[PDB]
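Scroll down for the structure; my scribbles are underneath it.
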Amino acid sequence: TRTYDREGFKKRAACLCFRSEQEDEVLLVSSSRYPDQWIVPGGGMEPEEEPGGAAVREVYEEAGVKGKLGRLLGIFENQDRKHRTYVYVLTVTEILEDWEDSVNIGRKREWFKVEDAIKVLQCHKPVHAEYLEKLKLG
């Protein structure tokens, strides 16, 4: 149940989950398309979610955490896969042992220091790295 921009772009929402306000360590999940890698949790916006809504709902399902929705880091495009992702920063404040994409699809999770996160990212998902590279691109 996908939704689309005024310009033909599938609306997506993602969220960089930090373990602290310091934003030093971000939580990545295993890919759905390719189990052997990591990603910044996020997904399509539903029939009528506010970008923030889809942000939160996505990390819950995919990463299985809950936390304080911070700023809109930015809208991030993808023209190999006509997408746009509202990316937010979330301070995780409730770790769940059981989340729904864990015990359904086999989604794995775990922290990385922002630089290291970027490295394991730019390999298969470079737009995701662009996210973390917007932090120092202030």
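Naming scheme: A, B, ... for chains in displayed order of the structure tokens; residues 1 onward per chain; ligands 1 onward as shown.
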
Tell me, as a PDB file with N, CA and C atoms, in the first residue's frame, which residues lie within 8 Å of segment 128-130 of chain A, counting only C-alpha atoms; anything in the same chain fewer than 5 positions away does not count.
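New file selection-v9.pdb:
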```pdb
ATOM      1  N   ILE A  39      21.486  -1.697   6.769  1.00  0.00           N
ATOM      2  CA  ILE A  39      20.739  -0.541   6.250  1.00  0.00           C
ATOM      3  C   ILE A  39      20.213   0.328   7.370  1.00  0.00           C
ATOM      4  N   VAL A  40      19.882   1.570   7.009  1.00  0.00           N
ATOM      5  CA  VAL A  40      19.181   2.507   7.892  1.00  0.00           C
ATOM      6  C   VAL A  40      17.692   2.200   7.802  1.00  0.00           C
ATOM      7  N   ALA A 117      29.416   3.175  10.391  1.00  0.00           N
ATOM      8  CA  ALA A 117      28.116   3.003   9.791  1.00  0.00           C
ATOM      9  C   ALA A 117      28.181   3.428   8.342  1.00  0.00           C
ATOM     10  N   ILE A 118      28.721   4.626   8.100  1.00  0.00           N
ATOM     11  CA  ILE A 118      28.838   5.151   6.742  1.00  0.00           C
ATOM     12  C   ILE A 118      29.619   4.195   5.842  1.00  0.00           C
ATOM     13  N   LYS A 119      30.648   3.554   6.377  1.00  0.00           N
ATOM     14  CA  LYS A 119      31.494   2.721   5.534  1.00  0.00           C
ATOM     15  C   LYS A 119      30.732   1.447   5.059  1.00  0.00           C
ATOM     16  N   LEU A 121      27.837   1.229   4.769  1.00  0.00           N
ATOM     17  CA  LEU A 121      26.677   1.684   3.987  1.00  0.00           C
ATOM     18  C   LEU A 121      26.971   2.013   2.523  1.00  0.00           C
ATOM     19  N   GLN A 122      28.062   2.731   2.273  1.00  0.00           N
ATOM     20  CA  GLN A 122      28.327   3.283   0.939  1.00  0.00           C
ATOM     21  C   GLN A 122      28.572   2.211  -0.099  1.00  0.00           C
TER      22      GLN A 122
END
```

Restrict the calculation to only C-alpha atoms, then for each residue of segment 39-62 of chain A with any atom at most 12 Å from an atom of segment 16-28 of chain A give the closest atom pair and their distance in Å to one decimal, rows by chain and rising residue number, as a tab-separated table.
```
residue	atom	partner	partner_atom	distance
A:39	CA	A:28	CA	5.3
A:40	CA	A:28	CA	5.2
A:41	CA	A:28	CA	6.6
A:42	CA	A:16	CA	9.0
A:55	CA	A:16	CA	9.6
A:56	CA	A:17	CA	10.2
A:58	CA	A:16	CA	11.2
A:59	CA	A:17	CA	8.2
A:60	CA	A:17	CA	10.8
A:62	CA	A:28	CA	9.8
```

Residue selection dump (N, CA and C atoms) as a compact mmCIF listing (two decimals), in the first residue's frame:
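Okay, again_37.txt is ready:
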```txt
# COMPACT_ATOMS: atom_id res chain seq x y z
N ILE A 39 21.49 -1.70 6.77
CA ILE A 39 20.74 -0.54 6.25
C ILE A 39 20.21 0.33 7.37
N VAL A 40 19.88 1.57 7.01
CA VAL A 40 19.18 2.51 7.89
C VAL A 40 17.69 2.20 7.80
N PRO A 41 17.10 1.70 8.89
CA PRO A 41 15.69 1.33 8.85
C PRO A 41 14.81 2.45 8.29
N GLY A 42 13.72 2.08 7.61
CA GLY A 42 12.82 3.03 6.93
C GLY A 42 12.01 2.29 5.88
N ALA A 55 7.98 7.68 9.74
CA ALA A 55 9.30 7.57 10.34
C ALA A 55 9.27 6.59 11.51
N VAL A 56 8.60 7.04 12.58
CA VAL A 56 8.39 6.27 13.79
C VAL A 56 7.86 4.84 13.50
N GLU A 58 7.99 2.95 11.01
CA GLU A 58 9.03 2.14 10.32
C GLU A 58 10.14 1.54 11.22
N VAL A 59 10.79 2.37 12.04
CA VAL A 59 11.79 1.88 12.99
C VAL A 59 11.19 0.91 13.97
N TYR A 60 9.95 1.15 14.37
CA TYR A 60 9.27 0.23 15.27
C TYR A 60 9.24 -1.15 14.67
N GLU A 62 10.77 -2.33 11.77
CA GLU A 62 12.00 -2.81 11.18
C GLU A 62 13.13 -2.99 12.20
```

Notebook entry, point to check: Where does DSSP see strand (DSSP E) in segment 4-104 of chain A, if you list the residues as a PyMOL selection string?
Noted result: chain A and resi 10-18+25-30+38-39+42-44+65-78+83-95

Now that the selection is made, can you save its residues with C-alpha atoms as a CSV table (one decimal), in the first residue's frame?
```csv
chain,number,residue,atom,x,y,z
A,10,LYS,CA,7.3,7.0,-3.9
A,11,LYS,CA,7.1,8.7,-0.5
A,12,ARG,CA,9.4,7.0,2.0
A,13,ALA,CA,10.4,7.6,5.6
A,14,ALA,CA,13.5,6.6,7.5
A,15,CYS,CA,15.1,7.6,10.7
A,16,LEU,CA,18.7,7.5,12.0
A,17,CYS,CA,18.5,5.9,15.5
A,18,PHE,CA,21.0,7.2,17.9
A,25,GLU,CA,26.3,5.5,17.4
A,26,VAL,CA,23.5,4.7,14.9
A,27,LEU,CA,21.5,1.4,14.8
A,28,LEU,CA,21.5,-0.5,11.5
A,29,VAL,CA,19.3,-3.4,10.3
A,30,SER,CA,19.9,-6.3,7.8
A,38,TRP,CA,23.1,-3.5,6.7
A,39,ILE,CA,20.7,-0.5,6.2
A,42,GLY,CA,12.8,3.0,6.9
A,43,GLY,CA,10.0,2.3,4.4
A,44,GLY,CA,7.2,3.6,2.3
A,65,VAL,CA,12.8,0.6,19.0
A,66,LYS,CA,10.9,3.6,20.3
A,67,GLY,CA,12.2,7.1,20.9
A,68,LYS,CA,12.2,10.9,20.7
A,69,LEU,CA,11.6,12.0,17.2
A,70,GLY,CA,14.2,14.7,16.5
A,71,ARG,CA,14.6,17.0,13.4
A,72,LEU,CA,13.8,16.3,9.8
A,73,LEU,CA,17.4,15.7,8.7
A,74,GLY,CA,16.3,16.2,5.0
A,75,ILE,CA,14.5,14.7,2.0
A,76,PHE,CA,16.7,12.2,0.3
A,77,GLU,CA,16.2,11.3,-3.4
A,78,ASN,CA,17.0,8.1,-5.3
A,83,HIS,CA,12.1,7.4,-4.1
A,84,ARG,CA,12.1,10.1,-1.6
A,85,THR,CA,12.8,9.6,2.1
A,86,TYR,CA,12.0,11.9,5.0
A,87,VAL,CA,14.8,11.1,7.3
A,88,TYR,CA,14.6,12.0,11.0
A,89,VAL,CA,16.8,11.6,13.9
A,90,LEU,CA,15.5,9.4,16.7
A,91,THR,CA,17.0,9.0,20.2
A,92,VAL,CA,16.1,5.4,21.0
A,93,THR,CA,14.6,5.2,24.5
A,94,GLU,CA,13.0,1.8,24.4
A,95,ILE,CA,14.8,-1.2,23.1
```

Notebook entry, point to check: Restricting the calculation to only C-alpha atoms, which member of A:54, A:63, A:120, A:45 is positioned closest to residue 103 of chain A?
Noted result: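 Checking each candidate against residue 103 of chain A, we get A:63 as the closest.
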
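Note that DSSP on the backbone gives alpha helix (DSSP H) to these residues of segment 83-126 of chain A: residues 102, 103, 104, 105, 114, 115, 116, 117, 118, 119, 120, 121, 122 and 126 of chain A.
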
With N, CA and C atoms retained, could you export that selection as a CSV table (one decimal), in the first residue's frame?
```csv
chain,number,residue,atom,x,y,z
A,102,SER,N,11.6,-8.7,13.1
A,102,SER,CA,12.5,-9.6,13.6
A,102,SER,C,12.0,-11.0,13.5
A,103,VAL,N,10.8,-11.2,14.0
A,103,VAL,CA,10.1,-12.6,14.1
A,103,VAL,C,9.1,-12.8,13.0
A,104,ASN,N,9.5,-12.7,11.8
A,104,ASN,CA,8.6,-12.7,10.6
A,104,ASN,C,9.5,-12.9,9.4
A,105,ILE,N,10.5,-12.1,9.3
A,105,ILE,CA,11.4,-11.9,8.1
A,105,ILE,C,12.9,-12.1,8.5
A,114,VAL,N,29.1,6.4,13.9
A,114,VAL,CA,28.6,7.1,12.7
A,114,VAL,C,29.5,6.9,11.4
A,115,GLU,N,30.8,7.0,11.6
A,115,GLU,CA,31.8,6.8,10.5
A,115,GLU,C,31.8,5.4,10.0
A,116,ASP,N,31.9,4.4,10.9
A,116,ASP,CA,31.8,3.0,10.5
A,116,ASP,C,30.5,2.6,9.9
A,117,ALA,N,29.4,3.2,10.4
A,117,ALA,CA,28.1,3.0,9.8
A,117,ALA,C,28.2,3.4,8.3
A,118,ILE,N,28.7,4.6,8.1
A,118,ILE,CA,28.8,5.2,6.7
A,118,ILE,C,29.6,4.2,5.8
A,119,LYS,N,30.6,3.6,6.4
A,119,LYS,CA,31.5,2.7,5.5
A,119,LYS,C,30.7,1.4,5.1
A,120,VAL,N,30.2,0.7,6.0
A,120,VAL,CA,29.4,-0.5,5.7
A,120,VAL,C,28.1,-0.1,4.9
A,121,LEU,N,27.8,1.2,4.8
A,121,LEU,CA,26.7,1.7,4.0
A,121,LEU,C,27.0,2.0,2.5
A,122,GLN,N,28.1,2.7,2.3
A,122,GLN,CA,28.3,3.3,0.9
A,122,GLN,C,28.6,2.2,-0.1
A,126,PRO,N,24.4,3.7,-0.9
A,126,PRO,CA,25.1,5.0,-0.8
A,126,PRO,C,24.2,6.2,-0.4
```

Notebook entry, point to check: Which is closer to residue 48 of chain A than all the others in A:33, A:82, A:107, A:2, using only C-alpha atoms?
Noted result: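 Comparing A:33, A:82, A:107, A:2 against residue 48 of chain A, the winner is A:2.
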